[PDB]
């Protein structure tokens, strides 16, 4: 009720705000990180998640990548929450700058469905250069669990809420 939000369907609510703040409000949730294949948390939400954890997220991510090797595009990994959420689901969206197809967002978003409550940004819609409407369409087509899709730009919010 405190946020500009639009309930889209029985699964998805679009929220204008900061995904970290929304994840903190909910008593139980998974927070989704928009990651790269090496979980090297850069200039988008990944860096903000890492900084909010005091670097704990990057330390854990490095440990995982040593155990797994690099992820494939479209893969995800459930790691610890570090007080931000019950857990963080790191998803590797396609990077359009590297000619990776937006269709791989199907794999990213399907990974949400085993989790009861998900708080997510729009995967690939920032640095990875996929149209926010395209990412949101893949989200709506594939997500079948209670999901708060949090966007921090009001113009994007207005576009997607219409």
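Positions refer to the first chain, counted from 1.
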Residue stretch of maximal mean CA temperature factor, 134 to 142 vs 10 to 18: 10 to 18
Going by the entry, of stretches 120 to 128 and 97 to 105 the one with greater average Cα B-factor is 97 to 105
Have a look at 36, 113, 33, 66 and flag the one whose Cα has the highest B-factor in the entry. 66
Of the three thirds of the chain ranked by Cα temperature factor, residue 57 occupies the middle
Could you tell me which third, lowest, middle or highest, the C-alpha B-factor of residue 149 occupies within its chain? lowest
